[PDB]
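Okay, handing you the structure first.
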Amino acid sequence: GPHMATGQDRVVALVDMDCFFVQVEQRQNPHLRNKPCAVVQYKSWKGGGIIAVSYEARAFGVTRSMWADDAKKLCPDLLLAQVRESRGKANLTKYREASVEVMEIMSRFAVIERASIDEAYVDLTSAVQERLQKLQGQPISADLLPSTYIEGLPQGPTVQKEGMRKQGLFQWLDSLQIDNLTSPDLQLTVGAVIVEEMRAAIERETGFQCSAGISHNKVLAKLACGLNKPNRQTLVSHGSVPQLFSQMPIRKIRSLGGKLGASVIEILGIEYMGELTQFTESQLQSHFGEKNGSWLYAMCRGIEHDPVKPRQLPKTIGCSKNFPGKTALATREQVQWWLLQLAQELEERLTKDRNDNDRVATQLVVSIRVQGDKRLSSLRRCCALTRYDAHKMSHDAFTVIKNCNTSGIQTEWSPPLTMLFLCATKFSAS
DNA sequence: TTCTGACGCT
DNA sequence: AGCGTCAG
Ligand SMILES: Nc1nc2c(ncn2[C@H]2C[C@H](O)[C@@H](COP(=O)(O)NP(=O)(O)OP(=O)(O)O)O2)c(=O)[nH]1
Ligand SMILES: [Mg+2]
Ligand SMILES: [Mg+2]
């Protein structure tokens, strides 16, 4: 008991933009605002593949990974914005730039770890300590938490969503004020106050809305964030974990949504995260390996030690294009022209990266898929990246992959290529 | 018929 | 180094 760590040492938040690419397009084009709308890549095949969906369109059942022609069947008035196309491929530049706008605001409050194009973890532990001392013992008003939910409340002894939110918040604050709650619970609450401030700054300065999770570690903060989207933030306390996890499907937890999560369910014969507490650490290590076993044992108790890494900028810069079915590249000339198109986009992005961020990539990774392979990559080869030159890069990439071609004729490529990917990696200060 | 990007294993 | 997993 007294020596058992509870993982309540940090305050961590996860901030994630609401329907991010849609808001970027809605900021630019006011005709799209407050409408069912979606962002697609390409257009010819089935109207384009949807990658982002406004909450209004979600109500009609429109989702990511849906073809726009199918989406239009559920939502006839669906409005569509198309990703920019350059050199015959999708160009995500506008969204990466919007992302930087948001990340730079977040970094004013605390150290952040970019987790994707539209989300970052925040380590608020230090910021909270400072705000606590400033207060002098002052109680925390509900007015400071106008968009916060407390997961698990209200409980015990209104029929509208906002009323339920407030009743939960009141129960929580009443407990802190009394002194019923822990120091950790106070720290989380102050963390939520700062997170309100951060989300207000993002909205004021970019126009974009986001949601957030506040908890003691990255896994819980990420889980919390999704509980009340859009435009809300959720506090998940250590105390809330047993009830929360008791009916939480294992797949909902970050990293368990794939094959490992399926094996946990299958091997142990359980469904919910909370059921993991029955097993000893050694039992879990036996089935899932020393690292996974230790992580699972702690995680199902709400505990996780993964640090928020001080990293705002992506570690790699890459671009890729699929060539599905009949579009598969079947000639040497085709392969070279597309390697050049990818190389040109990469050069432009690398050159900008070097001016903005004082660094240079030193390795070029080339990846391809051959027709008939399920694997995202069939083959990956690296070479030196010594100069930001698209012609040189595309020539080098061709050099490293040319041996894969089995075709007896120099001009033909076999098997035909279904994917090309060029990635710049191994950055060094410049 | 998507286009990324982080990280683990060997 | 090259391959796989995971999350969108
Ligand atoms: N190229 C590409 N971009 C994608 C893909 N999937 C998502 N994106 C892009 C488009 C997304 O806007 C963005 C952020 O990813 P989320 O936060 O997972 N989705 P969102 O913020 O839209 O909604 P909410 O968080 O409120 O549910 O990444 C994809 O498969 N391919
Ligand atoms: Mg998002
Ligand atoms: Mg996201």
Side-chain angles (χ1 to χ4, degrees), chain A residues 13-28 32 34-43 45-46 48-68 71 78-86 89-103 106 112-122 147 149 198-199 202-203 206-213 218-219 221-234 251-252 254-255 257-258 314 316-322 324 342 345 349 376 419-421 423:
Chain A
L14 184 273
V15 179
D16 183 284
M17 309 308 297
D18 296 333
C19 49
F20 184 46
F21 288 19
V22 169
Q23 292 197 84
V24 176
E25 294 299 333
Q26 285 173 329
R27 180 173 73 173
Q28 183 182 321
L32 300 180
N34 306 302
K35 291 192 172 292
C37 60
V39 170
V40 297
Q41 305 185 109
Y42 305 109
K43 214 79 184 70
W45 180 261
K46 296 179 141 67
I50 288 166
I51 61 175
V53 185
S54 74
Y55 285 76
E56 293 83 350
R58 299 185 189 196
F60 293 86
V62 180
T63 70
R64 157 180 194 279
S65 299
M66 187 174 275
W67 296 109
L78 183 62
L79 299 178
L80 294 177
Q82 188 180 345
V83 170
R84 180 189 297 130
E85 203 172 308
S86 306
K89 72 179 292 293
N91 170 1
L92 304 177
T93 299
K94 185 197 303 182
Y95 314 107
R96 293 191 181 98
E97 294 176 1
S99 177
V100 171
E101 287 181 65
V102 171
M103 304 286 165
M106 289 187 294
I112 77 175
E113 178 183 339
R114 179 195 200 270
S116 78
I117 196 159
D118 89 317
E119 74 208 77
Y121 296 91
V122 196
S147 64
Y149 280 82
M198 182 174 340
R199 298 174 44 245
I202 292 170
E203 192 177 6
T206 68
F208 304 142
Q209 295 181 344
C210 55
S211 295
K218 295 163 73 176
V219 167
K222 172 73 174 161
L223 184 66
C225 179
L227 291 179
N228 293 104
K229 286 184 156 265
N231 200 32
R232 296 290 186 269
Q233 56 184 64
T234 305
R251 72 179 175 276
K252 309 295 189 180
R254 182 196 63 182
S255 80
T316 64
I317 294 181
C319 57
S320 69
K321 180 173 177 51
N322 292 351
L342 283 181
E345 175 187 322
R349 287 170 63 189
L376 196 56
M419 183 273 297
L420 296 174
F421 191 176
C423 185

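Below, each value reflects all heavy atoms present in this structure, side chains not excepted, and no hydrogens, waters or symmetry copies. Lettering of chains follows the sequences in order, A, B, ..., and the numbering in each one begins at 1. Ligands are counted one by one from 1 in listed order, and the atoms in each one are counted from 1 as well.
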Problem - A/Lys35, NZ: over 12 other non-hydrogen atoms inside 6.0 angstrom - result: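 Open: at most 12 neighbouring heavy atoms sit under 6.0 Å from NZ of A/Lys35.
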Problem - Donor on one side chain, acceptor on other, A/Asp18 and A/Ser211, under 3.5 Å - result: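 Yes.
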Handout entry: Pairing of A/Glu113 and A/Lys218 as salt bridge, 4.0 angstrom limit
Key =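 Here A/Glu113 pairs with A/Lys218 in a salt bridge, since their nearest N and O are under 4.0 Å apart.
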Practice task
State the atoms of ligand 1, each with its element, that fall below the 4.0 Å cut-off from a heavy-atom position in A/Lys229.
Solution key: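 Answer, ordered by atom number: 24 (P), 25 (O), 26 (O).
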Handout entry: Residue and atom name of the nearest protein heavy atom (relative to atom 31 (N) of ligand 1), distance in Å to one decimal
Key =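 Result: A/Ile51 CG2, 3.8 Å.
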Exercise for the section: Measure across A/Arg96 and A/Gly318 and return the closest heavy-atom pair with its distance rounded to 0.1 Å. Expected result: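 In this case the closest contact between A/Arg96 and A/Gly318 is NH2-O, 4.4 Å.
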Problem - If only protein N, O or S atoms under 2.8 Å count, total around the Mg ion (ligand 2) - result: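 Number of qualifying protein atoms: 3.
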Practice task
For the residue pair A/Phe20 and A/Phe208, categorise the inter-ring angle as parallel (less than 30°), tilted (30 to 60°) or perpendicular (more than 60°).
Solution key: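 Taking A/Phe208 first and then A/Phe20, their aromatic rings stand perpendicular (interplane angle over 60°).
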Practice task
Determine whether any heavy atom of A/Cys19 lies closer than 4.0 Å to an atom of ligand 1.
Solution key: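 Flag set, A/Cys19 near ligand 1.
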Exercise for the section: May I ask you to identify the nearest protein heavy atom to atom 23 (O) of ligand 1, giving residue, atom name and distance to one decimal place in Å? Expected result: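 Going by distance alone, atom 23 (O) of ligand 1 is nearest to A/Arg58 NH2, 3.0 Å.
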Problem - atom 26 (O) of ligand 1: nearest protein contact (heavy atom, Å) - result: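 Scanning the protein heavy atoms, the shortest distance from atom 26 (O) of ligand 1 goes to A/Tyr55 OH, 2.6 Å.
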Problem - Separation of A/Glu101 CD from A/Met106 CE (nearest 0.5 Å) - result: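 CD of A/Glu101 is found 11.5 Å from CE of A/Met106.
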Handout entry: Identity and separation of the nearest protein heavy atom to atom 1 (N) of ligand 1
Key =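 Ranking protein heavy atoms by distance from atom 1 (N) of ligand 1, first comes A/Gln41 OE1, 3.5 Å.
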Handout entry: Nearest heavy atoms of A/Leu92 and A/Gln41, plus distance in Å
Key =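 So the minimum-distance heavy-atom pair works out to CD2-OE1, 3.7 Å.
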Problem - atom 19 (N) of ligand 1 protein-contacted, heavy-atom criterion under 4.0 angstrom - result: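 Flag for atom 19 (N) of ligand 1 set to false, no protein heavy atom closer than 4.0 Å.
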Exercise for the section: Output the list of atoms in ligand 1 that are nearer than 4.0 Å to some heavy atom of A/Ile117, sorted by atom number. Expected result: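 The atoms of ligand 1 under 4.0 Å from a heavy atom of A/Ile117 are 13 (C), 28 (O).
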Exercise for the section: State which residues pass side chain to side chain contact (heavy atoms under 4.5 Å, CB included) with A/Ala71; sequence neighbours excluded, sorted by chain then number. Expected result: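 Partners of A/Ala71 under the side chain to side chain contact (heavy atoms under 4.5 Å, CB included) test: A/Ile50, A/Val62, A/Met66, A/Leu78.
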Problem - Protein heavy atom at shortest distance from atom 12 (O) of ligand 1 - result: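 Sorting protein heavy atoms by distance from atom 12 (O) of ligand 1 puts A/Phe21 N, 3.1 Å first.
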Problem - Crowding at CZ, A/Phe60 (>12 non-hydrogen neighbours, <6.0 Å) - result: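 No, the 6.0 Å shell around CZ holds no more than 12 heavy atoms from other groups.
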Practice task
Decide, yes or no, whether a salt bridge links A/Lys321 with A/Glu345 under the criterion of side-chain N to carboxylate O below 4.0 Å.
Solution key: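 Salt bridge between A/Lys321 and A/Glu345, a charged N being under 4.0 Å from a carboxylate O: no.
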Practice task
Using protein heavy atoms only, decide if any is under 4.0 Å from atom 15 (O) of ligand 1.
Solution key: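 Looking at atom 15 (O) of ligand 1, one finds that a protein heavy atom does lie closer than 4.0 Å.
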Exercise for the section: Just need the protein heavy atom nearest to atom 6 (N) of ligand 1, so name the residue and atom and give the distance. Expected result: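 Of the protein heavy atoms, A/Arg64 NE, 2.9 Å lies nearest.
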Practice task
If you have a sec, work out which protein heavy atom is nearest atom 25 (O) of ligand 1 and how many Å separate them, to one decimal?
Solution key: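 Answer for atom 25 (O) of ligand 1: A/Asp16 OD1, 2.7 Å.
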